[PDB]
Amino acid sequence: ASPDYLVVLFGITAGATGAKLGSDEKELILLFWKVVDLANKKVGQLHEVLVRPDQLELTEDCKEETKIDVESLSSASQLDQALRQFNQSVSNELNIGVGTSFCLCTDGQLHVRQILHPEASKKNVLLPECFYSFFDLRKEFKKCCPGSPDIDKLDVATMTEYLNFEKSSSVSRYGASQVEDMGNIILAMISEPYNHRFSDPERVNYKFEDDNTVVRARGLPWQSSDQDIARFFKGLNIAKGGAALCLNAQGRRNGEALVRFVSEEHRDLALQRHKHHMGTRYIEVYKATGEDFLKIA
């Protein structure tokens, strides 16, 4: 909350980008970042770390759009070591030991909520604490910038255009260009005439105890618990008491779960996990109506 620094973070998977980031369950392969000194209105240099996936398979779309060379990827660290390297780098660059604070900042919701938390969960990686909070730069931009496009229309390109900057994708590779542009967006919003303050970030729920916010998951293995479905949705914020395993007419578990999220935003993110995996099993994710959750829990 009210950090000294932002860490602009941008992830690239072995598959789809943009609005479909994370929808295909492809692994993280490349992470870009840059720090922003808020009080001093300065940015640091661009960083990157390659992340070797368990499955060295890039979609043709990924290859065309990102131009990542698989050779260097095949020599790289996997997620656990890469995120430790990211954490150590940030802490050293910001001299965190003297007591200064930072918060992640991302282009929308999918980088932290749809990529990092579900992937870390599946690989039993313990994410560093900074991954449990972030500013969605699009939402911050909206609060800051009058006459801007609706939140559903915002992205880095729209945001740079609004502010009269040129997009650096004409000269920079995918990922790197977005982080460089986000850096310039942030400097603009914290300066005149906007003078934005970054206050309390969004949170990623880690504990576990209206129609448009509920999903029905189907296909849970007989051994599944409350806690397993919560982990399947790691990265999203389930409402308090908002996850229950369903029973059939005879009181046996029926392989379904009803999950109420805090927002239609998160419900939509959960729908994009349809046929993602719990172990080797597909978990189906459907819309549900709120009357059924009442009865359930």
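All residue numbers are counted from 1 along the displayed sequence.
Trainee: How much of the deposited sequence is absent from the coordinates between residue 209 and residue 210: none, 1 to 3, 4 to 9, or 10 or more residues?
Mentor: The entry has 10 or more unmodelled residues between residue 209 and residue 210.
Trainee: Is the mean CA B factor in the deposited entry higher across 111-119 or across 69-77?
Mentor: Mean B over CA atoms: larger for 69-77.
Trainee: Which is higher on mean Cα B factor in this entry, 240-248 or 33-41?
Mentor: Averaging CA B-factors over each stretch, the winner is 240-248.
Trainee: Sort 124, 100, 205, 184 by C-alpha B-factor from the entry and give me just the highest.
Mentor: 100 has the highest C-alpha B-factor of those listed.
Trainee: Highest recorded C-alpha temperature factor, please, choosing from 130, 105, 189, 171.
Mentor: Comparing C-alpha B-factors across 130, 105, 189, 171, the maximum falls on 171.
Trainee: Which third, lowest, middle or highest, does the C-alpha temperature factor of residue 53 belong to within its own chain?
Mentor: As the PDB entry reports it, the C-alpha B-factor of residue 53 lands in the middle third of its chain.
Trainee: Using the B-factor values recorded in the entry, state whether the Cα atom of residue 234 falls in the lowest, middle or highest third among the modelled residues of its chain.
Mentor: Lowest third, going by the recorded CA B-factors of the chain.
Trainee: Would you please rank residue 200 by its C-alpha temperature factor against the other modelled residues of its chain and give the third it falls in: lowest, middle or highest?
Mentor: Middle third, going by the recorded CA B-factors of the chain.
Trainee: Can you work out whether the C-alpha temperature factor of residue 176 puts it in the lowest, middle or highest third of the chain?
Mentor: Its C-alpha B-factor, which the entry lists for residue 176, ranks in the lowest third among residues of this chain.
Trainee: Where does the C-alpha B-factor of residue 9 rank in its chain, lowest, middle or highest third?
Mentor: It falls in the bottom third of the chain.
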